[PDB]
Structures are given as structure tokens and as C-alpha cells.
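1. all I have is the shape, not the residue letters:
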Ligand SMILES: C#CCCC1(CCC(=O)Nc2cccn3c(C)nnc23)NN1
């Protein structure tokens, strides 16, 4: 069994910003979801080998996880908040696409997504 390379967290060619909206996505959004009791399945790339999900990367072609998002935020990978919000939505979408409706992992994604939507609802004004 084989995992793909993880998503990019470092690219010196990619233009970067440090903004109050991106600061909010780290200090409020990422940290709120990261500390949650249901965070653990989403804190690193899906290990399709260890989790015995040999079809995972057959079905999921845009993998994303909060480990990757955390690295991207800490290493100022993003230009704008929209890129980071897209990474969260990709992570949730992948979970719903791959998994059987009603499975524990789907309920865990739903709990994290509820808090995500509450925090993004009050994304601060650009300085
Ligand atoms: C018996 C048995 C297998 C249990 C199972 C397989 C799918 C699975 O494990 N999915 C995931 C496990 C960890 C993290 N995941 C993310 C993120 N998305 N999906 C999963 N849940 N029905």
C-alpha cells in the first residue's frame, strides 16, 4: 500500500501575505477546531496504509487536513483567507465524499464544520 506525497506546505515561488484575516484563521478558526475532541482524524494527512483504506486516494484527488492547514498558516503559505477557507471546505467535502453517510467520521467532520461556519461567519474586516 502507498500514500501520495502530502499537499505542499512550502513554496518559495508562491507570493505570501500576513494579514489580520489569515491571523484570525490561525488564532481563532484552526485553534478552535484543533483542540476539539473530534479533531484527531483530521490533524494529519489520511494514512491510507495504517487506516487500511486502499481506495481512499482512488476517490480523493484533492486531499486536505488540518495538519497541512496548520503548517500553511504557521509558514505564511497563503496570499488570502479564501485560499485557507477553501482548504477547510476541501477537508470537510473529502470526508463526506469518501465515507458512508452516517458513519462516526462524518459526525466528527459535521461537529468541526459547525464551529468552522460559526467562526468564518465573523471573519474580521481587512485592515
Ligand atoms: C471497520 C472499519 C473501517 C471503518 C470505516 C472506514 C472509513 C474510515 O476509516 N475513514 C476515515 C478514518 C480516519 C480519518 N478519515 C478522514 C479524515 N476521512 N475518512 C476517514 N468508517 N467506516
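-> Structure received. Residues are numbered from 1 along each chain as shown.
2. what's the burial count for residue 102?
-> 7 (other Cβ atoms under 10 Å). Yep, even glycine has a C-beta here, placed from its N, CA and C like the rest.
3. tell me the helices and strands packed up against the strand or helix carrying residue 93.
-> Secondary structure from DSSP states H and E places residue 93 in helix 81-98. Helix 81-98 sits against helix 20-24, helix 56-59, helix 66-74, helix 104-120, with contacts defined as 3 or more Cβ pairs under 8 Å, 6 or more residues apart in numbering; DSSP states H and E.
4. now do the same contact list for residue 85.
-> Residues counted as contacts of residue 85 (Cβ atoms under 8 Å, 6 or more residues apart in numbering) are 25, 120.
5. separation between it and residue 78?
-> According to Cβ to Cβ, to the nearest Å, residue 85 stands 10 Å off from residue 78.
6. what of residue 100?
-> 33 Å.
7. counting neighbours, go ahead and name the busier of these two.
-> For residue 100 and residue 78, the more surrounded residue by other Cβ under 10 Å is residue 78, and the numbers stand at 25 against 7.
8. which SSE is that one in?
-> Here residue 78 is assigned to no helix or strand, by DSSP H and E.
9. so the helix holding residue 93 versus helix 104-120, what angle?
-> Here the directions of helix 81-98 and helix 104-120 differ by 160 degrees (axes from the mean of the first three to the mean of the last three Cα atoms, to 10 degrees).
10. buried residues in helix 81-98?
-> Neighbour counts over helix 81-98 (16 or more other Cβ atoms under 10 Å) mark 81, 84-85, 87-88, 90-95, 98 as buried.
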